[PDB]
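Student: Here's a sequence, model it:
(2 chains)
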2 protein chains.
Amino acid sequence: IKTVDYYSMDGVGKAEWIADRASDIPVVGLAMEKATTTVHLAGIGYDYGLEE
Amino acid sequence: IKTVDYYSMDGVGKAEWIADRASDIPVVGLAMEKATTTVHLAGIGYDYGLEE
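Tutor: Residues are numbered from 1 along each chain as shown, chains lettered A, B, ... in the order given. What follows is the structure:
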């Protein structure tokens, strides 16, 4: 595999005082999020001669 | 015997990052060693006369 991914999420909003007959009410909102990290390859071996 | 011998060994190597269709893989190696001590002689005795 070449990558690994993970998610996170958050939301926001506010509260306010409202009058009896009016229309000014606040709303909320959402969001999501993704993040990444990677994976690499390495190695180590050996060797020898014939009369060794 | 007048000497006593003992042995020791060690080795080295290193790992590295490679690619895909390449050939760069690193090798390892070894070595040995010897040490010595000595042995010596001592004595004690006694003597006595005849009529003693």
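
Student: State the helix or strand in which residue A:9 lies.
Tutor: Counting by DSSP states H and E, the secondary-structure element that holds residue A:9 is strand A:3-13.

Student: Now the element after that strand, going C-ward?
Tutor: Taking DSSP H and E, what comes next after strand A:3-13 is strand A:28-38.

Student: near chain B, anything from that following strand?
Tutor: No - remark: strand A:28-38 sits outside contact range of chain B, by C-beta under 8 Å from any C-beta of the partner chain, the gap being at least 12.7 Å. The C-beta positions use only the backbone N, C-alpha and C, and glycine is treated the same way.

Student: counting contacts, what elements does that strand pack onto?
Tutor: Secondary-structure packing of strand A:28-38 (3 or more C-beta pairs under 8 Å, 6 or more residues apart in numbering or on different chains; DSSP states H and E): strand A:3-13.

Student: who's in contact with the residue of chain A found nearest chain B?
Tutor: Of all residues in chain A, residue A:44 sits closest to chain B, with a separation of 4.2 Å (C-beta to the nearest C-beta). With contacts defined as C-beta atoms under 8 Å, 6 or more residues apart in numbering or on different chains, the neighbours of residue A:44 are B:13-16, B:25-26, B:28.

Student: Tell me which two of the residues you listed sit farthest apart.
Tutor: B:16 and B:28 (12.2 Å; C-beta to C-beta).

Student: So those two - more neighbours on which side?
Tutor: Looking at residue B:16 and residue B:28 with other C-beta atoms under 10 Å in any protein chain shown, you find the greater number of neighbours at residue B:28, namely 13 against 10.

Student: okay, now the nearest residue to the more buried one once chain neighbours are set aside: neighbour count?
Tutor: For residue B:28, the nearest residue in space outside its immediate sequence neighbours is residue B:13; the separation is 3.3 Å by C-beta to C-beta, 6 or more residues apart in numbering or on different chains. Counted with other C-beta under 10 Å, the neighbours of residue B:13 add up to 12.

Student: again, but for residue A:1
Tutor: Number of residues near residue A:1 (other C-beta under 10 Å) recorded here: 5.

Student: related to what we said a few turns ago, next, the residue of chain A closest to chain B: phi, psi?
Tutor: Main-chain torsions, residue A:44, degrees, to the nearest 10: phi -160, psi 140.
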